[PDB]
file model.cif (mmCIF, C-alpha atoms and all ligand atoms)
data_target
loop_
_atom_site.label_atom_id
_atom_site.label_comp_id
_atom_site.auth_asym_id
_atom_site.auth_seq_id
_atom_site.Cartn_x
_atom_site.Cartn_y
_atom_site.Cartn_z
CA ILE K 1 -55.25 60.30 25.21
CA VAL K 2 -57.39 61.47 28.18
CA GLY K 3 -56.84 65.00 29.48
CA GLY K 4 -54.44 66.04 26.73
CA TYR K 5 -54.58 68.60 23.96
CA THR K 6 -54.74 68.75 20.21
CA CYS K 7 -51.14 68.39 19.02
CA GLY K 8 -51.50 70.36 15.81
CA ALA K 9 -51.20 68.88 12.34
CA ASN K 10 -47.84 67.15 11.75
CA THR K 11 -46.21 68.54 14.89
CA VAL K 12 -45.31 64.99 15.96
CA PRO K 13 -43.67 63.91 12.71
CA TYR K 14 -42.52 60.46 13.93
CA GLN K 15 -46.06 59.48 14.97
CA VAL K 16 -47.52 56.73 12.78
CA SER K 17 -51.01 55.22 12.63
CA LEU K 18 -51.21 51.48 12.04
CA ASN K 19 -54.15 50.75 9.78
CA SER K 20 -55.90 47.44 8.96
CA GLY K 21 -59.01 49.01 7.42
CA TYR K 22 -59.15 51.39 10.40
CA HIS K 23 -56.71 52.88 12.88
CA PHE K 24 -55.95 50.32 15.58
CA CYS K 25 -52.57 51.29 17.08
CA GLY K 26 -49.85 53.90 17.03
CA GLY K 27 -46.16 53.45 16.30
CA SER K 28 -42.98 55.48 15.93
CA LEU K 29 -40.86 55.96 12.82
CA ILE K 30 -37.22 55.29 13.73
CA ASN K 31 -35.69 55.40 10.22
CA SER K 32 -36.96 55.58 6.65
CA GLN K 33 -37.94 51.90 6.57
CA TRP K 34 -38.72 50.85 10.18
CA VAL K 35 -41.46 51.51 12.73
CA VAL K 36 -41.42 50.49 16.40
CA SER K 37 -44.73 49.64 18.10
CA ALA K 38 -46.20 47.39 20.80
CA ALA K 39 -46.09 43.63 20.32
CA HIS K 40 -49.70 43.46 21.52
CA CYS K 41 -50.54 45.49 18.40
CA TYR K 42 -49.32 42.66 16.15
CA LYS K 43 -51.59 41.53 13.34
CA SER K 44 -51.30 40.68 9.68
CA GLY K 45 -52.26 43.10 6.93
CA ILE K 46 -50.78 46.26 8.45
CA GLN K 47 -50.58 49.45 6.42
CA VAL K 48 -48.41 52.10 8.01
CA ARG K 49 -49.82 55.61 7.74
CA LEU K 50 -47.28 58.42 8.06
CA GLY K 51 -47.84 62.14 7.96
CA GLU K 52 -51.31 61.82 9.50
CA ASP K 53 -53.27 64.35 11.48
CA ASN K 54 -56.98 63.73 10.74
CA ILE K 55 -57.06 59.96 10.21
CA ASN K 56 -60.46 60.20 8.46
CA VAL K 57 -59.53 62.94 5.92
CA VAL K 58 -56.83 63.02 3.25
CA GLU K 59 -55.16 66.35 4.05
CA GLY K 60 -52.09 66.20 1.80
CA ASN K 61 -49.07 65.03 3.83
CA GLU K 62 -49.88 61.32 4.20
CA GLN K 63 -47.67 58.44 3.13
CA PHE K 64 -49.40 55.04 3.14
CA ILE K 65 -46.88 52.16 2.97
CA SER K 66 -47.63 48.48 3.56
CA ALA K 67 -45.58 46.42 6.00
CA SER K 68 -43.26 43.88 4.42
CA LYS K 69 -42.22 42.16 7.65
CA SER K 70 -43.14 42.28 11.33
CA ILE K 71 -40.87 41.12 14.15
CA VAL K 72 -42.39 40.66 17.59
CA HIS K 73 -39.79 40.66 20.34
CA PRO K 74 -38.44 37.11 20.86
CA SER K 75 -39.42 37.17 24.55
CA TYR K 76 -42.81 38.92 24.28
CA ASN K 77 -45.27 37.50 26.83
CA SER K 78 -48.86 38.43 26.00
CA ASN K 79 -50.16 37.53 29.48
CA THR K 80 -47.79 39.84 31.41
CA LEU K 81 -47.04 42.24 28.53
CA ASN K 82 -43.34 41.86 29.35
CA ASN K 83 -41.25 42.86 26.31
CA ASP K 84 -44.22 44.60 24.65
CA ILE K 85 -42.31 45.80 21.58
CA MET K 86 -42.29 44.96 17.88
CA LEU K 87 -40.61 46.18 14.74
CA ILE K 88 -42.31 46.73 11.39
CA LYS K 89 -40.40 47.10 8.11
CA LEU K 90 -42.00 49.15 5.35
CA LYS K 91 -42.21 47.77 1.80
CA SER K 92 -40.65 51.00 0.56
CA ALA K 93 -38.68 53.75 2.25
CA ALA K 94 -40.70 56.68 3.54
CA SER K 95 -39.80 60.08 2.09
CA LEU K 96 -38.43 62.02 5.05
CA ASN K 97 -39.24 65.75 5.34
CA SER K 98 -40.22 68.15 8.14
CA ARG K 99 -43.69 66.57 8.59
CA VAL K 100 -42.49 62.94 8.37
CA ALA K 101 -39.32 62.28 10.34
CA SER K 102 -37.70 59.57 12.40
CA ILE K 103 -37.27 59.83 16.16
CA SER K 104 -33.89 59.11 17.76
CA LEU K 105 -33.42 56.02 19.91
CA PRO K 106 -32.13 56.66 23.44
CA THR K 107 -28.49 56.30 24.36
CA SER K 108 -29.47 56.17 28.01
CA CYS K 109 -32.59 55.48 29.98
CA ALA K 110 -34.72 58.33 31.25
CA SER K 111 -35.07 58.99 34.95
CA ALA K 112 -38.17 59.43 37.08
CA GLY K 113 -39.25 63.04 36.88
CA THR K 114 -38.29 63.59 33.23
CA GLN K 115 -41.11 65.22 31.27
CA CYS K 116 -42.20 63.43 28.10
CA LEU K 117 -44.63 63.80 25.18
CA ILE K 118 -47.20 61.03 24.72
CA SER K 119 -49.44 61.04 21.66
CA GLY K 120 -52.08 58.98 19.87
CA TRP K 121 -55.54 58.70 18.38
CA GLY K 122 -56.88 56.72 21.32
CA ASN K 123 -59.94 57.19 23.48
CA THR K 124 -60.22 60.62 25.11
CA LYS K 125 -62.68 59.66 27.87
CA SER K 126 -61.95 57.78 31.11
CA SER K 127 -65.60 56.79 31.80
CA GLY K 128 -67.05 56.81 28.33
CA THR K 129 -65.88 56.48 24.73
CA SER K 130 -64.92 59.15 22.19
CA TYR K 131 -62.28 58.59 19.57
CA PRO K 132 -60.67 61.71 18.10
CA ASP K 133 -59.94 62.16 14.45
CA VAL K 134 -56.88 64.40 14.95
CA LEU K 135 -53.75 63.64 16.92
CA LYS K 136 -53.85 64.23 20.68
CA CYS K 137 -50.85 65.00 22.91
CA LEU K 138 -50.06 64.71 26.62
CA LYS K 139 -47.03 66.03 28.47
CA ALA K 140 -46.36 63.69 31.38
CA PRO K 141 -43.53 62.82 33.77
CA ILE K 142 -41.93 59.45 34.27
CA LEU K 143 -42.85 58.17 37.74
CA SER K 144 -40.52 56.53 40.24
CA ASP K 145 -40.06 52.77 40.04
CA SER K 146 -41.37 52.45 43.60
CA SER K 147 -44.60 54.35 43.00
CA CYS K 148 -45.02 52.35 39.78
CA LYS K 149 -44.61 49.03 41.60
CA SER K 150 -46.85 50.17 44.46
CA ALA K 151 -49.57 51.09 41.93
CA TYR K 152 -49.38 47.69 40.20
CA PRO K 153 -48.14 45.13 42.74
CA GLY K 154 -46.54 42.06 41.23
CA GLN K 155 -46.80 43.33 37.61
CA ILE K 156 -44.03 45.86 36.82
CA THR K 157 -40.92 44.33 35.24
CA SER K 158 -37.54 45.90 34.54
CA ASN K 159 -38.82 46.38 30.96
CA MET K 160 -41.64 48.70 32.06
CA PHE K 161 -42.01 52.16 33.47
CA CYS K 162 -44.95 54.26 34.62
CA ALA K 163 -45.62 57.78 33.45
CA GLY K 164 -48.45 60.19 34.13
CA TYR K 165 -50.34 61.47 37.16
CA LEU K 166 -51.37 59.46 40.23
CA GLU K 167 -54.22 61.89 40.84
CA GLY K 168 -55.88 60.71 37.59
CA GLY K 169 -57.49 62.55 34.71
CA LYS K 170 -54.48 62.56 32.35
CA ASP K 171 -53.29 59.35 30.66
CA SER K 172 -52.95 57.45 27.42
CA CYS K 173 -55.78 55.00 26.63
CA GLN K 174 -57.14 52.29 24.31
CA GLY K 175 -56.11 53.08 20.75
CA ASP K 176 -52.93 54.85 21.78
CA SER K 177 -51.16 51.49 22.20
CA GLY K 178 -47.90 51.19 20.33
CA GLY K 179 -47.34 54.94 20.12
CA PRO K 180 -44.52 57.11 21.44
CA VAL K 181 -43.31 58.44 24.73
CA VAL K 182 -40.63 60.94 23.72
CA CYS K 183 -38.41 62.64 26.31
CA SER K 184 -35.86 65.27 25.30
CA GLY K 185 -36.03 64.16 21.68
CA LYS K 186 -35.50 60.44 22.41
CA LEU K 187 -38.02 57.59 22.15
CA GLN K 188 -38.06 56.30 25.72
CA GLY K 189 -41.43 54.54 25.84
CA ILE K 190 -44.08 52.65 23.93
CA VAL K 191 -47.72 52.93 25.05
CA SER K 192 -48.31 49.47 26.53
CA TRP K 193 -50.98 49.05 29.22
CA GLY K 194 -52.78 50.25 32.32
CA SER K 195 -55.84 49.65 34.48
CA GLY K 196 -58.59 51.54 32.70
CA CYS K 197 -57.44 55.04 31.73
CA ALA K 198 -56.72 58.15 33.77
CA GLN K 199 -57.83 56.39 36.98
CA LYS K 200 -56.50 57.47 40.35
CA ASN K 201 -53.32 55.58 41.35
CA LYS K 202 -53.35 53.66 38.04
CA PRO K 203 -50.87 55.50 35.80
CA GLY K 204 -49.91 54.44 32.30
CA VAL K 205 -47.40 51.62 31.89
CA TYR K 206 -44.86 51.93 29.10
CA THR K 207 -42.34 49.67 27.41
CA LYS K 208 -38.83 50.78 28.46
CA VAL K 209 -37.23 51.33 25.05
CA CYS K 210 -33.68 51.88 26.31
CA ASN K 211 -33.49 48.17 27.19
CA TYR K 212 -34.18 47.28 23.55
CA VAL K 213 -31.79 49.50 21.58
CA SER K 214 -29.27 46.70 21.01
CA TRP K 215 -31.99 44.32 19.81
CA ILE K 216 -33.53 47.02 17.60
CA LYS K 217 -30.20 47.93 16.01
CA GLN K 218 -29.03 44.39 15.35
CA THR K 219 -32.46 43.38 14.02
CA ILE K 220 -32.43 46.31 11.61
CA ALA K 221 -28.88 45.50 10.54
CA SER K 222 -29.89 41.97 9.45
CA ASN K 223 -33.40 42.38 7.99
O1 LIG N 1 -51.21 43.23 34.96
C1 LIG N 1 -51.53 41.89 35.23
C2 LIG N 1 -50.48 40.92 34.68
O2 LIG N 1 -49.18 41.20 35.20
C3 LIG N 1 -50.91 39.50 35.01
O3 LIG N 1 -50.90 39.34 36.41
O4 LIG N 1 -52.16 39.22 34.54
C4 LIG N 1 -53.21 40.07 34.98
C5 LIG N 1 -52.91 41.53 34.66
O5 LIG N 1 -53.92 42.38 35.16
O1 LIG N 2 -49.80 58.59 -2.79
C1 LIG N 2 -50.57 58.05 -1.67
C2 LIG N 2 -51.85 58.83 -1.60
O2 LIG N 2 -52.79 58.32 -2.57
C3 LIG N 2 -52.54 58.74 -0.26
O3 LIG N 2 -53.57 59.65 -0.20
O4 LIG N 2 -51.60 59.06 0.83
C4 LIG N 2 -50.53 58.06 0.83
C5 LIG N 2 -49.72 58.12 -0.44
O5 LIG N 2 -48.85 57.00 -0.33
CA CA N 3 -55.30 62.08 6.95
#
call {"tool": "encode", "arguments": {"input": "model.cif", "output": "structure tokens"}}
result
Amino acid sequence: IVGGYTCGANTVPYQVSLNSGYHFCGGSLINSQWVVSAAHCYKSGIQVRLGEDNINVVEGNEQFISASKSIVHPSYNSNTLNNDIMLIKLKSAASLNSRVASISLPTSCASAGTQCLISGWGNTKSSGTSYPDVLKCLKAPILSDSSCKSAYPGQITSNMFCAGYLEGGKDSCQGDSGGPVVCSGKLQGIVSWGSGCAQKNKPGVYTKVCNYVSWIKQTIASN
């Protein structure tokens, strides 16, 4: 997160860190046994880390649970990042409490102009590199489809939306991938891609979760 603020320990209780020896992506807890993330975050050997603030210090609210199964969206295209979503099932159910909690799936899509909360442990510099240890937050609006398409000609699908600031300086970034965009208490986006970070006229591009609720639900019901 570039241009954001320190969330505060466990104030984003659905935020998960995906760990393969080190933090490499975010995700979102959607019930006691399932995490949603970006398909481009797929790898083997994932441990899901819940209840994290400082990802380099054991502070007392963590739950570390290995993945038992990963399901990349059937139509994920890694070249275009269309359908950049995946589901991860935990080997055991997380213990849900105030600091570790699921986030509701949307019942409708969010409109341009809605303010959302984006969070992650990604890079905090736009020309440079500094990875934070504690969770960073950014409040950002969804941008219009037309400004999104004009920013990224030929690249925005119906499964993507832009959010952030065309002036630059505030964005998600490398290492935030897979994490949440939450708008009015609903998971509307997954951190997916962008040109650099926090660059002028290059806002963040997000997986449009509302398109995937039926696939998420039926997948969960049968796995
Ligand atoms: O976003 C672009 C994608 O849609 C494709 O065209 O490959 C190149 C990327 O930069
Ligand atoms: O009990 C585990 C503990 O050892 C670790 O520190 O945090 C995750 C828990 O699952
Ligand atoms: Ca920790």
call {"tool": "closest_residue", "arguments": {"input": "model.cif", "among": "K:129, K:33, K:119, K:80", "to": "residue 194 in chain K", "atoms": "only C-alpha atoms"}}
result
K:80
call {"tool": "residues_near_point", "arguments": {"input": "model.cif", "point": "(-43.0, 44.1, 35.5)", "cutoff": "10 Å", "atoms": "only C-alpha atoms", "output": "VMD selection string"}}
result
chain K and resid 80 to 83 148 to 149 152 to 161 205 207
call {"tool": "atom_distance", "arguments": {"input": "model.cif", "atom1": "CA of residue 77 in chain K", "atom2": "CA of residue 163 in chain K"}}
result
21.3 Å
call {"tool": "atom_distance", "arguments": {"input": "model.cif", "atom1": "CA of residue 30 in chain K", "atom2": "CA of residue 101 in chain K"}}
result
8.0 Å
call {"tool": "closest_residue", "arguments": {"input": "model.cif", "among": "K:36, K:142, K:116, K:62", "to": "residue 185 in chain K", "atoms": "all atoms listed in the file"}}
result
K:116
call {"tool": "closest_residue", "arguments": {"input": "model.cif", "among": "K:201, K:95, K:47, K:32", "to": "residue 19 in chain K", "atoms": "all atoms listed in the file"}}
result
K:47
call {"tool": "residues_near_ligand", "arguments": {"input": "model.cif", "ligand": "ligand CA 3 (chain N)", "cutoff": "6 Å", "atoms": "only C-alpha atoms and all ligand atoms", "output": "PyMOL selection string"}}
result
chain K and resi 52-59
call {"tool": "write_last_selection", "arguments": {"input": "model.cif", "atoms": "C-alpha atoms", "output": "PDB file, keeping the file's coordinate frame"}}
result
ATOM      1  CA  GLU K  52     -51.310  61.820   9.500  1.00  0.00           C
ATOM      2  CA  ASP K  53     -53.270  64.350  11.480  1.00  0.00           C
ATOM      3  CA  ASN K  54     -56.980  63.730  10.740  1.00  0.00           C
ATOM      4  CA  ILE K  55     -57.060  59.960  10.210  1.00  0.00           C
ATOM      5  CA  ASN K  56     -60.460  60.200   8.460  1.00  0.00           C
ATOM      6  CA  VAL K  57     -59.530  62.940   5.920  1.00  0.00           C
ATOM      7  CA  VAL K  58     -56.830  63.020   3.250  1.00  0.00           C
ATOM      8  CA  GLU K  59     -55.160  66.350   4.050  1.00  0.00           C
TER       9      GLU K  59
END
call {"tool": "closest_residue", "arguments": {"input": "model.cif", "among": "K:45, K:12, K:99, K:109", "to": "residue 24 in chain K", "atoms": "all atoms listed in the file"}}
result
K:45
call {"tool": "closest_residue", "arguments": {"input": "model.cif", "among": "K:68, K:106, K:146, K:1", "to": "residue 198 in chain K", "atoms": "all atoms listed in the file"}}
result
K:1
call {"tool": "closest_residue", "arguments": {"input": "model.cif", "among": "K:70, K:195, K:6, K:37", "to": "ligand LIG 1 (chain N)", "atoms": "only C-alpha atoms and all ligand atoms"}}
result
K:195
call {"tool": "residues_near_ligand", "arguments": {"input": "model.cif", "ligand": "ligand LIG 2 (chain N)", "cutoff": "8 Å", "atoms": "all atoms listed in the file", "output": "ChimeraX atom specification"}}
result
/K:49-50,58,60-65
call {"tool": "residues_around", "arguments": {"input": "model.cif", "residues": "residue 176 in chain K", "least_positions_apart": "6", "cutoff": "7 Å", "atoms": "all atoms listed in the file", "output": "PyMOL selection string"}}
result
chain K and resi 1+25-26+120-122+191
call {"tool": "residues_around", "arguments": {"input": "model.cif", "residues": "residue 223 in chain K", "least_positions_apart": "3", "cutoff": "10 Å", "atoms": "all atoms listed in the file", "output": "PDB file with C-alpha atoms, keeping the file's coordinate frame"}}
result
ATOM      1  CA  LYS K  69     -42.220  42.160   7.650  1.00  0.00           C
ATOM      2  CA  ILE K  71     -40.870  41.120  14.150  1.00  0.00           C
ATOM      3  CA  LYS K  89     -40.400  47.100   8.110  1.00  0.00           C
ATOM      4  CA  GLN K 218     -29.030  44.390  15.350  1.00  0.00           C
ATOM      5  CA  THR K 219     -32.460  43.380  14.020  1.00  0.00           C
ATOM      6  CA  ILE K 220     -32.430  46.310  11.610  1.00  0.00           C
TER       7      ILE K 220
END
call {"tool": "atom_distance", "arguments": {"input": "model.cif", "atom1": "CA of residue 92 in chain K", "atom2": "CA of residue 13 in chain K"}}
result
18.0 Å
call {"tool": "residues_near_point", "arguments": {"input": "model.cif", "point": "(-31.6, 57.7, 22.2)", "cutoff": "9 Å", "atoms": "all atoms listed in the file", "output": "PDB file with C-alpha atoms, in the frame of the given file"}}
result
ATOM      1  CA  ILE K 103     -37.270  59.830  16.160  1.00  0.00           C
ATOM      2  CA  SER K 104     -33.890  59.110  17.760  1.00  0.00           C
ATOM      3  CA  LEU K 105     -33.420  56.020  19.910  1.00  0.00           C
ATOM      4  CA  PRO K 106     -32.130  56.660  23.440  1.00  0.00           C
ATOM      5  CA  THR K 107     -28.490  56.300  24.360  1.00  0.00           C
ATOM      6  CA  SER K 108     -29.470  56.170  28.010  1.00  0.00           C
ATOM      7  CA  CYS K 109     -32.590  55.480  29.980  1.00  0.00           C
ATOM      8  CA  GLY K 185     -36.030  64.160  21.680  1.00  0.00           C
ATOM      9  CA  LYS K 186     -35.500  60.440  22.410  1.00  0.00           C
ATOM     10  CA  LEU K 187     -38.020  57.590  22.150  1.00  0.00           C
ATOM     11  CA  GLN K 188     -38.060  56.300  25.720  1.00  0.00           C
ATOM     12  CA  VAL K 209     -37.230  51.330  25.050  1.00  0.00           C
ATOM     13  CA  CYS K 210     -33.680  51.880  26.310  1.00  0.00           C
ATOM     14  CA  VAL K 213     -31.790  49.500  21.580  1.00  0.00           C
TER      15      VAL K 213
END
call {"tool": "decode", "arguments": {"input": "model.cif", "residues": "range 101-130 of chain K", "atoms": "N, CA and C atoms", "output": "PDB file, in the first residue's frame"}}
result
ATOM      1  N   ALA K 101     -12.223 -12.878  11.656  1.00  0.00           N
ATOM      2  CA  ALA K 101     -13.625 -12.883  11.276  1.00  0.00           C
ATOM      3  C   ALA K 101     -13.722 -12.938   9.764  1.00  0.00           C
ATOM      4  N   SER K 102     -14.799 -13.543   9.281  1.00  0.00           N
ATOM      5  CA  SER K 102     -15.029 -13.606   7.847  1.00  0.00           C
ATOM      6  C   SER K 102     -15.605 -12.284   7.362  1.00  0.00           C
ATOM      7  N   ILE K 103     -15.479 -12.041   6.065  1.00  0.00           N
ATOM      8  CA  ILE K 103     -16.061 -10.863   5.432  1.00  0.00           C
ATOM      9  C   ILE K 103     -17.174 -11.334   4.503  1.00  0.00           C
ATOM     10  N   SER K 104     -18.312 -10.635   4.545  1.00  0.00           N
ATOM     11  CA  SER K 104     -19.461 -10.988   3.717  1.00  0.00           C
ATOM     12  C   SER K 104     -19.146 -10.858   2.228  1.00  0.00           C
ATOM     13  N   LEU K 105     -19.711 -11.770   1.436  1.00  0.00           N
ATOM     14  CA  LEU K 105     -19.687 -11.636  -0.005  1.00  0.00           C
ATOM     15  C   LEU K 105     -20.757 -10.639  -0.445  1.00  0.00           C
ATOM     16  N   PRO K 106     -20.571  -9.967  -1.573  1.00  0.00           N
ATOM     17  CA  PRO K 106     -21.584  -9.007  -2.014  1.00  0.00           C
ATOM     18  C   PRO K 106     -22.832  -9.716  -2.498  1.00  0.00           C
ATOM     19  N   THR K 107     -23.970  -9.041  -2.330  1.00  0.00           N
ATOM     20  CA  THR K 107     -25.202  -9.433  -3.001  1.00  0.00           C
ATOM     21  C   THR K 107     -25.459  -8.582  -4.226  1.00  0.00           C
ATOM     22  N   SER K 108     -24.793  -7.437  -4.336  1.00  0.00           N
ATOM     23  CA  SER K 108     -24.773  -6.702  -5.588  1.00  0.00           C
ATOM     24  C   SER K 108     -23.403  -6.075  -5.787  1.00  0.00           C
ATOM     25  N   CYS K 109     -23.157  -5.683  -7.027  1.00  0.00           N
ATOM     26  CA  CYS K 109     -21.903  -5.053  -7.366  1.00  0.00           C
ATOM     27  C   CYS K 109     -21.908  -3.637  -6.814  1.00  0.00           C
ATOM     28  N   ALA K 110     -20.715  -3.105  -6.618  1.00  0.00           N
ATOM     29  CA  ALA K 110     -20.529  -1.758  -6.116  1.00  0.00           C
ATOM     30  C   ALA K 110     -20.379  -0.811  -7.286  1.00  0.00           C
ATOM     31  N   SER K 111     -20.896   0.392  -7.125  1.00  0.00           N
ATOM     32  CA  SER K 111     -20.854   1.392  -8.185  1.00  0.00           C
ATOM     33  C   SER K 111     -19.622   2.284  -8.070  1.00  0.00           C
ATOM     34  N   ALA K 112     -19.180   2.795  -9.219  1.00  0.00           N
ATOM     35  CA  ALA K 112     -18.238   3.906  -9.254  1.00  0.00           C
ATOM     36  C   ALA K 112     -18.616   4.948  -8.217  1.00  0.00           C
ATOM     37  N   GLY K 113     -17.615   5.413  -7.481  1.00  0.00           N
ATOM     38  CA  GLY K 113     -17.800   6.417  -6.475  1.00  0.00           C
ATOM     39  C   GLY K 113     -17.924   5.884  -5.069  1.00  0.00           C
ATOM     40  N   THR K 114     -18.239   4.597  -4.908  1.00  0.00           N
ATOM     41  CA  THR K 114     -18.280   3.983  -3.585  1.00  0.00           C
ATOM     42  C   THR K 114     -16.887   3.993  -2.960  1.00  0.00           C
ATOM     43  N   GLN K 115     -16.808   4.345  -1.680  1.00  0.00           N
ATOM     44  CA  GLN K 115     -15.535   4.323  -0.980  1.00  0.00           C
ATOM     45  C   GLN K 115     -15.283   2.938  -0.392  1.00  0.00           C
ATOM     46  N   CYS K 116     -14.029   2.486  -0.459  1.00  0.00           N
ATOM     47  CA  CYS K 116     -13.683   1.131  -0.061  1.00  0.00           C
ATOM     48  C   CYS K 116     -12.401   1.164   0.753  1.00  0.00           C
ATOM     49  N   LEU K 117     -12.159   0.069   1.476  1.00  0.00           N
ATOM     50  CA  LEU K 117     -10.951  -0.128   2.279  1.00  0.00           C
ATOM     51  C   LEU K 117     -10.077  -1.196   1.634  1.00  0.00           C
ATOM     52  N   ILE K 118      -8.877  -0.810   1.246  1.00  0.00           N
ATOM     53  CA  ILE K 118      -7.893  -1.706   0.656  1.00  0.00           C
ATOM     54  C   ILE K 118      -6.753  -1.882   1.652  1.00  0.00           C
ATOM     55  N   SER K 119      -6.257  -3.109   1.800  1.00  0.00           N
ATOM     56  CA  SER K 119      -5.251  -3.352   2.831  1.00  0.00           C
ATOM     57  C   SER K 119      -4.271  -4.445   2.410  1.00  0.00           C
ATOM     58  N   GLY K 120      -3.055  -4.377   2.947  1.00  0.00           N
ATOM     59  CA  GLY K 120      -2.058  -5.390   2.647  1.00  0.00           C
ATOM     60  C   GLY K 120      -0.714  -5.057   3.255  1.00  0.00           C
ATOM     61  N   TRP K 121       0.204  -6.016   3.126  1.00  0.00           N
ATOM     62  CA  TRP K 121       1.582  -5.833   3.558  1.00  0.00           C
ATOM     63  C   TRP K 121       2.516  -5.535   2.387  1.00  0.00           C
ATOM     64  N   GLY K 122       1.991  -5.008   1.300  1.00  0.00           N
ATOM     65  CA  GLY K 122       2.800  -4.764   0.130  1.00  0.00           C
ATOM     66  C   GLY K 122       3.698  -3.551   0.255  1.00  0.00           C
ATOM     67  N   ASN K 123       4.428  -3.326  -0.824  1.00  0.00           N
ATOM     68  CA  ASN K 123       5.365  -2.214  -0.939  1.00  0.00           C
ATOM     69  C   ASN K 123       4.672  -0.881  -0.669  1.00  0.00           C
ATOM     70  N   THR K 124       5.336  -0.018   0.098  1.00  0.00           N
ATOM     71  CA  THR K 124       4.790   1.293   0.425  1.00  0.00           C
ATOM     72  C   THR K 124       5.422   2.423  -0.370  1.00  0.00           C
ATOM     73  N   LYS K 125       6.345   2.133  -1.274  1.00  0.00           N
ATOM     74  CA  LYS K 125       6.936   3.174  -2.110  1.00  0.00           C
ATOM     75  C   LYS K 125       6.602   2.979  -3.587  1.00  0.00           C
ATOM     76  N   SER K 126       6.416   4.097  -4.300  1.00  0.00           N
ATOM     77  CA  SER K 126       6.078   4.053  -5.722  1.00  0.00           C
ATOM     78  C   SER K 126       7.294   4.164  -6.624  1.00  0.00           C
ATOM     79  N   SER K 127       8.409   4.708  -6.114  1.00  0.00           N
ATOM     80  CA  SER K 127       9.701   4.722  -6.821  1.00  0.00           C
ATOM     81  C   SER K 127      10.741   4.380  -5.760  1.00  0.00           C
ATOM     82  N   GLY K 128      10.882   3.089  -5.507  1.00  0.00           N
ATOM     83  CA  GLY K 128      11.631   2.609  -4.370  1.00  0.00           C
ATOM     84  C   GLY K 128      10.991   1.361  -3.804  1.00  0.00           C
ATOM     85  N   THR K 129      11.558   0.830  -2.721  1.00  0.00           N
ATOM     86  CA  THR K 129      11.086  -0.434  -2.164  1.00  0.00           C
ATOM     87  C   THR K 129      11.223  -0.406  -0.649  1.00  0.00           C
ATOM     88  N   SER K 130      10.094  -0.554   0.042  1.00  0.00           N
ATOM     89  CA  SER K 130      10.064  -0.680   1.497  1.00  0.00           C
ATOM     90  C   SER K 130       8.841  -1.491   1.863  1.00  0.00           C
TER      91      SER K 130
END
